[PDB]
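Data block below; observations after.
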Amino acid sequence: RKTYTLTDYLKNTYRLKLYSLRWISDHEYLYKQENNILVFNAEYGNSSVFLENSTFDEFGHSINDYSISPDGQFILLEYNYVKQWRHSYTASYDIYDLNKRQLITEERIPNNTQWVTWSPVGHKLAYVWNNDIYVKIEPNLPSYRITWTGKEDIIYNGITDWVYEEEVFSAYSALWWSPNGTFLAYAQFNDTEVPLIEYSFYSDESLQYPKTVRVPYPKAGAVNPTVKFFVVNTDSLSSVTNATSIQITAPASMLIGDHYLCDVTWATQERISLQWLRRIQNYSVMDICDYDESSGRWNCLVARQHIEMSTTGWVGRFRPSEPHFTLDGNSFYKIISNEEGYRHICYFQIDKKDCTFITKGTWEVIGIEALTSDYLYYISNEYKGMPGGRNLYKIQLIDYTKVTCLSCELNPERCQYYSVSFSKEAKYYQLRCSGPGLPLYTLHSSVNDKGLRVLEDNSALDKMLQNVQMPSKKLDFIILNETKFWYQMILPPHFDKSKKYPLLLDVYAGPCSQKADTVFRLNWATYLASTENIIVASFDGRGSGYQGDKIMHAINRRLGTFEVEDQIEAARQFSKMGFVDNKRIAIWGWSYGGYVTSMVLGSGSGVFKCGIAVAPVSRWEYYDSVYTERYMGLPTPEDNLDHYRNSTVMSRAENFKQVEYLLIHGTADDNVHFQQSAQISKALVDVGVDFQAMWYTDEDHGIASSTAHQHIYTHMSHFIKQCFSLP
Amino acid sequence: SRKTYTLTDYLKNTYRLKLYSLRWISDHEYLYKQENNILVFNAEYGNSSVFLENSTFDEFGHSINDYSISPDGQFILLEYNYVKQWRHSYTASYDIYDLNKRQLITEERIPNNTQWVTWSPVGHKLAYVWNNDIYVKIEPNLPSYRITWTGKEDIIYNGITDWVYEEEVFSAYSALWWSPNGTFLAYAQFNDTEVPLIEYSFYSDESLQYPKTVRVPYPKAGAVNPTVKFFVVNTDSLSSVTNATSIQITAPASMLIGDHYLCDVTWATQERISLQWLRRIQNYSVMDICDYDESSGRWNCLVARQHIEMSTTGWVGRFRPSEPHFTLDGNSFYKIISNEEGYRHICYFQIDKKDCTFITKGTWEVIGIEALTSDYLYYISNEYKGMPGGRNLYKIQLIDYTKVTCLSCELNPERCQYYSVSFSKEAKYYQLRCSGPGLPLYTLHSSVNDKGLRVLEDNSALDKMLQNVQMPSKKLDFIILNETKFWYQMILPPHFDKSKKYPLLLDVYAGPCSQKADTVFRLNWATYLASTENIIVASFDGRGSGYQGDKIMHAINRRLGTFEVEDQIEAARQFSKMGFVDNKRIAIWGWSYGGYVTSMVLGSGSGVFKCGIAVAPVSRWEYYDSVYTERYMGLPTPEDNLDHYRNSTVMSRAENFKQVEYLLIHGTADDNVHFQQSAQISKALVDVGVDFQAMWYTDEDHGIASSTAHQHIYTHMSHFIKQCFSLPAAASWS
Ligand SMILES: *[C@@H]1O[C@H](CO)[C@@H](O[C@@H]2O[C@H](CO)[C@@H](O[C@H]3O[C@H](CO[C@H]4O[C@H](CO)[C@@H](O)[C@H](O)[C@@H]4O)[C@@H](O)[C@H](O[C@H]4O[C@H](CO)[C@@H](O)[C@H](O)[C@@H]4O)[C@@H]3O)[C@H](O)[C@H]2NC(C)=O)[C@H](O)[C@H]1NC(C)=O
Ligand SMILES: NC[C@]1(c2cccc(Cl)c2)CC[C@H](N2CCCCC2=O)CC1
Ligand SMILES: NC[C@]1(c2cccc(Cl)c2)CC[C@H](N2CCCCC2=O)CC1
Ligand SMILES: *[C@@H]1O[C@H](CO)[C@@H](O)[C@H](O)[C@H]1NC(C)=O
Ligand SMILES: *[C@@H]1O[C@H](CO)[C@@H](O)[C@H](O)[C@H]1NC(C)=O
Ligand SMILES: *[C@@H]1O[C@H](CO)[C@@H](O)[C@H](O)[C@H]1NC(C)=O
Ligand SMILES: *[C@@H]1O[C@H](CO)[C@@H](O)[C@H](O)[C@H]1NC(C)=O
Ligand SMILES: *[C@@H]1O[C@H](CO)[C@@H](O)[C@H](O)[C@H]1NC(C)=O
Ligand SMILES: *[C@@H]1O[C@H](CO)[C@@H](O)[C@H](O)[C@H]1NC(C)=O
Ligand SMILES: *[C@@H]1O[C@H](CO)[C@@H](O)[C@H](O)[C@H]1NC(C)=O
Ligand SMILES: *[C@@H]1O[C@H](CO)[C@@H](O)[C@H](O)[C@H]1NC(C)=O
Ligand SMILES: *[C@@H]1O[C@H](CO)[C@@H](O)[C@H](O)[C@H]1NC(C)=O
Ligand SMILES: *[C@@H]1O[C@H](CO)[C@@H](O)[C@H](O)[C@H]1NC(C)=O
Ligand SMILES: *[C@@H]1O[C@H](CO)[C@@H](O)[C@H](O)[C@H]1NC(C)=O
Ligand SMILES: *[C@@H]1O[C@H](CO)[C@@H](O)[C@H](O)[C@H]1NC(C)=O
């Protein structure tokens, strides 16, 4: 048989099939098959054509995406997609009347639109163009301008700035419609005093002079953006007068200093909840605000405030959790770390500070997935005590002891990692199994949790992989100080414990990272194992997530310490296993993992022959405020400046003499600025250490254009193969 | 068997070349720094006296970078806080020490961040540039007279050059020219208002949180150019109560019709200044000869004293029109000019007559006019043994052109085939500086009968050292192509056996008027590769190279990236045909223009070269500066030479790099050949899916010349060449 080759990985030869559906009610979903949109009845599996592919055969633009209005009356068509940062982009939009069969030609959505969204019910539109908000009541009618303060790189109304996009909301959107669309809530960010990161963009060969890209980006300790929050009533908008936006100000506990808006969740038609986080991210407050029908204002009663703090670290995994409100809005369920530091579901009454934990144990809840009148549905890693597995559970709102695992025993050898998609009122759910075996998508009914049918079993891919010498995956743990620390290994085919193999350590090791899991992947590690016979291992030490706060907070204010030492120790335990070749152990990572690779290579352990750092952080003062400060505090003498200075890659330059190093970075990286790698190379040069390097002209943090992606993986394969003496 | 010349020897300067750097102070005395002391030497008898004691340099606290004693010897200017800018420019702090009063001047001090400073040619007047304006000090202790008030960073330059004139026109930061006796101060003013800026990131020390963007007015080929104006101020009529009057000398109408440049300033007498102007299309230039008018206070450049210089086959001059050497009365001058056969020879002109008389001729060229007296003109040429790569001093009777004497040819013919000279203030004495093929030799001579006075430095110390080292040898010879000689040089390993097949590295420049094949003795990276690694390091001078006539030099006019590239490939073919070269192991490397030719050669698909290294290469001519590029390429317009600008890019050759091993190196703060150039090569390589090796150098400029980066690049490059040539490595403890 043949092996899974680099070409197979770079050309996507063996494709993973998915079953991406969009729910449209509590009994029907839409499914895009052969470019045509089908509407499926969930109970009987019968289909009808919703939108036939030929409809737009004369549109004249390639359509990137689509979005049907909740009432199914109109379809929004996305084209001219232009990527900005990780989540952002701009686009052109066209509106089609699905009943009249007419494209909207007057009062259109402008070109270079930043964000657009339908109301949760009906067909109102809200959009952001030139950093201002606009609302369309009817797709054929002129838009009402909501904001007038919009200014590129300065004022953002209803869109996020670089740092909130990346670190807080993981989205460009800063617009939140009320459940029935009466109100439109939005945030406004002000970057006036945020310093700019400047870098050269070379563009096409014809560009005579390079362009300087300038982005407001706050590095650790710098002046941060300010935020304001507003609510406009879209039902009282006028063609003759400018819109009235009511401001909801942050509480006094937050107003005394630098802070962030970290969550927006509507509770009812007249009740909105907001979470605010201090710049020192171990203290947060939730305001529960109500609309006053008689005054037009929004009252956040001090009696409905909920405080959340951490004595051992920061609040939340990456931010405070979102609340899941009951229909009356008088109570909510929220993931909170308990007295033992394990993240569990807490039940709050809006007027009561103390909550009741409805789950418990030495395992964590990952997310609350659906809340109904009788049950709360959640994902957790409780099953077989495996932190790297995922399963759906349901718990009875009137009896916490009434827990049922809905996914645990459906296909236990194939499916140990699930995600779920519930119908509009949770009558049905799609289970998405993603490992250890081939992905499996199934449809279920919540009536009595019974399987309806298999949506996608990846039989086509299984037929293909039967003729390929595929690698296997081992998931196990080592015991350190009477604590379990899990690892995974991508093992070559026909693996023999009596033979010795080179080993590559694939690192992330960031706070709340998890690199040891039950997910099935087709990646670079598949090629290295299948073709090159390299063991590709990953380890979750101190600072990794989903195992409790004693493990996750262990690196609080001390990045570049325990998580680094634990990767070295892991490799020691691996080498001192009879199938590893101690002379050929390598380490690699991208992003935070690039940082840990570099720290490991500069540690003087003598364990690693060689390593690759792709776009690494080198010093924490160069990275953004929101992420860095969460774990490190402020880079001031009064706070944590001493550890900011003690945890640089540069300080370890002399030790790189003991290793072969490949340093890679994209020149247009807006995230981990090229500066970071430019500072590593200069430190290496200053102590006279030889190393290998590669820059990627105009590539960002992803190094993801078709040609650069192919080049980096080809270049890296050569480096590893030469290090491991492979032909 | 003895030890070899190692990379460490090259990087740590283990074997040092001694020099004898002297400064003439009269027609019979020179100054020389020995044991940090300033010694004054009598040229005739070789006796010395101490001018300034080594210890005097320590009564200031700070370290002195350089010094400059005033012509009359009454004062000493002391340079400190030296901060490098471009190739020639820098800023610094200055202190003046009164040699008669034996005290440091502390009042009306030369300001910090001074751009340029110079004494008058006679006496002790000072002229300086601070914040892009000119200032004059009549007496070191007296307040300075502000000459200009228009100075503005990156916009108006008064008496200093902008980036492009410093690099390509004057090879200096200075744009100040004192009259022979210091009565007048002439200066240029450059205006960069509409010149676009090259912007690049500077990272600085690790403590800098946000990188800084460096912005420099830099005109790329075809872009808007700086404008120039020229002025003369009389320093003897300066007033404390009124602003100074600067008289403007305007360019002629033949230049004013379009874009142009000021390309030379040479004083003829106390009251006569000459200027040369060049059109943006550098095949036409005009010399104005301007006299001072006592009846007006102005400078009249009579139309009848103009001198036109043009070229039908290329550009004017080697890199610019030559400088004139005027006779004492200022009524005649001697100037290097290309003749009818295209060989550069000395022409004699009358200031009022258009036709000149060639005083030298032959299939060889004059390199420079070195001194002119009442009876003799002294010059350097490559006439001897018909060797373009050799250099010798000659003298000629101004009264009989056939009466030529070689003053250096036969002093030490096996050791000395490459000379430079330094004449005393009225040419009574001269220092000869021999720089190859043997060890450098410095000797003192008297011009009265060309009598050899004494040996100043024979490098005996270094000879003693190199006797215990297995040194490589140097072969200088030629190949015949189309009945034309093309010279080459080869750094050959010690105990060189012609019966073996050695690997070969081709060390390239190949720029217009380049000369890489010569008789100079060098201690460099090529010495290590030959001595230790047993690699032959060859260099070839093909079409476009200088000092052999215009048929060779102009052959690449409007066609850079053609003949000079093909000729390097052909050279290597002839080298692999020589029998002692291993055809499977031929590499090519080069910096700057040589980086460009390396890249073009590697992308040619010839199959001759296994591997190559391009250090800071030009990749496309539109990315390089106007003055250099346009000289050979014309304008990048459809009407002019855009088609060849597009046809001569490295990027267009990306697919062919599949056949070779490539190392691309570039400094991130290179203000000259912008990192952009290499960033465009790597993107082209990536787009066609070609693998290659790369290395950037954080905050390093075009020289990659800081102690640590210099050591790193040469170490990294040695490893690349050794792996390409299958040569073994050596482990080290740490
Ligand atoms: C998957 O298959 C399902 C079952 O076949 C589909 O559901 C069926 O949909 C149709 C149309 O939406 C419904 O048809 C008519 O229902 C009543 C009569 O109901 C009785 O007969 C049905 C069979 O004809 C049975 O299935 C029922 O159980 C029941 O015994 C009629 O009175 C309706 O008429 C009204 O609407 C029509 C328009 O279609 C007008 O023309 C009439 O004048 C009148 O106003 C419907 O015609 C049927 O009820 C429904 N059955 C069930 C059990 O759901 C389902 O739509 C399909 N899903 C997809 C996505 O394809
Ligand atoms: N910018 C943060 C981060 C990163 C990238 C590059 C370098 C470094 Cl040091 C960090 C890590 C956390 C990520 N994140 C944030 C929201 C919750 C889910 C999640 O996974 C995003 C990418
Ligand atoms: N910028 C011009 C040049 C160069 C550097 C790098 C790349 C390229 Cl393409 C060209 C070549 C000519 C040199 N020069 C100019 C003054 C006269 C004497 C001389 O030797 C200087 C450096
Ligand atoms: C978008 O741009 C195109 C091309 O310039 C133009 O024809 C079109 O009308 C624009 N669309 C809108 C909604 O303005
Ligand atoms: C933005 O903040 C600046 C100060 O950083 C302030 O002057 C300005 O008024 C603010 N703008 C808005 C729209 O709030
Ligand atoms: C709305 O606000 C803008 C900006 O302040 C102003 O130009 C416009 O005239 C206002 N319109 C009305 C009706 O107030
Ligand atoms: C939406 O909610 C608002 C506020 O409670 C209410 O006034 C309105 O009637 C609701 N609309 C619908 C369609 O129920
Ligand atoms: C939050 O962190 C700061 C900085 O370490 C500290 O002063 C404060 O005590 C912390 N809060 C809690 C409740 O631990
Ligand atoms: C284990 O305990 C020892 C002793 O306290 C300590 O040095 C080490 O860092 C601890 N952590 C792990 C995970 O080994
Ligand atoms: C050299 O010696 C002569 C005496 O013959 C003397 O007059 C002269 O000044 C001396 N010069 C120096 C610089 O020592
Ligand atoms: C130059 O700088 C030094 C150090 O800052 C200062 O003491 C001195 O006064 C300056 N000199 C002048 C002439 O301004
Ligand atoms: C510089 O040139 C600009 C035109 O490009 C002109 O407006 C300006 O006055 C000039 N300045 C001087 C001092 O020549
Ligand atoms: C000299 O020129 C400057 C700038 O134009 C002016 O400020 C100053 O008053 C002038 N000096 C005299 C003495 O006229
Ligand atoms: C210097 O030259 C000027 C101009 O010809 C003249 O006026 C002056 O007297 C000369 N001085 C000396 C010392 O020769
Ligand atoms: C100068 O160069 C241009 C462009 O090659 C040419 O057409 C012109 O005839 C030349 N001019 C002179 C003065 O020889």
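Numbering, chain A: per Swiss-Prot, residues 40-766 in sequence.
When the header is checked for method, it gives X-ray crystallography, 2.3 Å.
Even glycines carry a Cβ here, placed using N, Cα and C.
Of the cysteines listed (A:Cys301, A:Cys328), Swiss-Prot assigns A:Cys328 as the disulfide partner of A:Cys339. Rounded to a whole value, the Cα-Cα separation of A:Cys444 (disulfide bond) and A:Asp708 (active site, charge relay system) is 43 Å. Proximity of the recorded positions (A:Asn229, A:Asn520, A:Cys649) to ligand 5: a Cβ under 6 Å from the molecule is found for A:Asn229. The Cα atom of A:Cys394 (disulfide bond) lies nearest to that of A:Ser630, taking the active-site residues A:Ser630, A:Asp708, A:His740 as the candidates. The CA atom of A:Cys762 (disulfide bond) is located 28 Å away from the CA atom of A:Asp708 (active site, charge relay system). Contacts of A:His740 (active site, charge relay system) defined by a Cβ separation under 8 A and a same-chain sequence distance of 6+ are given as A:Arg125, A:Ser630, A:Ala654, A:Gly705, A:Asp708, A:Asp709, A:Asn710, A:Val711, in order along the sequence.
By the criterion of other Cβ atoms within 10 Å of the residue's own Cβ, the least surrounded of the disulfide-bonded residues A:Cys328, A:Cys444 is A:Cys444. Each residue contributes its Cα atom, and for A:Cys447 (disulfide bond) and A:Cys385 (disulfide bond) those atoms are 23 Å apart. In this structure, A:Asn520 is the one among the glycosylation sites A:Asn229, A:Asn520, A:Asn685 with the smallest number of other Cβ atoms inside 10 Å of its Cβ. Listed in sequence order, A:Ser446, A:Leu449, A:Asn450, A:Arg453, A:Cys454, A:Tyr456, A:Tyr457, A:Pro478, A:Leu479, A:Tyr480, A:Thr481 are the same-chain residues six or more apart from A:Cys472 (disulfide bond) with CB atoms under 8 A from its CB. Under the DSSP three-state reduction, A:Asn219 (N-linked glycosylation site) is assigned to coil, being neither helix nor strand. Closeness to ligand 7 is met by A:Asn219, these being the recorded positions among A:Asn219, A:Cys444, A:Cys454, A:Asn685, A:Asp708 whose Cβ falls under 6 Å from the molecule.
For the pair A:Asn219 (N-linked glycosylation site) and A:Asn229 (N-linked glycosylation site), the Cα-Cα distance reads 29 Å.
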